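Enquirer: One structure, pasted below without further comment.
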Amino acid sequence: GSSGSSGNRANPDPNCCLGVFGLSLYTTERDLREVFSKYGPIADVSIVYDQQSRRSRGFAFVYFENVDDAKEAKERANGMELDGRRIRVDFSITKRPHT
RNA sequence: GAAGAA
């Protein structure tokens, strides 16, 4: 079947950017930042939204200022509970920032 | 009556 480096998403690798999945529709970027900034410094946080209704799609991303604090948070928050939903967490394979 | 790369 189909397969490619950094296109596959069930086999991530370390990155300052983390993805967060399973979220409740009432979660804000501020709740994610208060829950993840206890593991280290965070420059930004962004929830992913529907284009026609502006509701959350159930996933988001968290941008640390260091890969080793992202390696901490990725192991800390994977399988935790937030607003009555379990969340899962992994390193970003791709991201909106670029340099 | 998916909880996954924007």
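Quick note on numbering: the first sequence equals residues 103 to 201 in the authors' numbering. Positions of the beta carbon are idealized from the N, C-alpha and C atoms, including for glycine.
1. Quick check on DSSP: helix, strand or coil for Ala162?
2. For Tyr141, which three-state DSSP category applies?
3. Going by C-alpha to C-alpha distance, which of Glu183, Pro199, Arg187, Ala179 sits closest to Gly142?
4. Tell me which residue opens and which closes the beta strand (DSSP E) that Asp192 is part of.
5. Given a threshold of 16 other Cβ atoms within 10 Å of its Cβ, counted over all protein chains shown, does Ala175 qualify as buried or as exposed?
6. Can you find the residues in the same chain that come closer than 8 Å, C-beta to C-beta, to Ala145, ignoring five residues on each side of it along the sequence?
7. Distance, Cα to Cα, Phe138 vs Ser105?
Expert: In brief:
1. strand
2. helix
3. It is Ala179 whose Cα lies nearest to the Cα of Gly142.
4. 190-193
5. Flag for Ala175 reads buried.
6. For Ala145, where only same-chain residues beyond five positions count, the Cβ hits under 8 Å are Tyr165, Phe166, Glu167.
7. 32 Å
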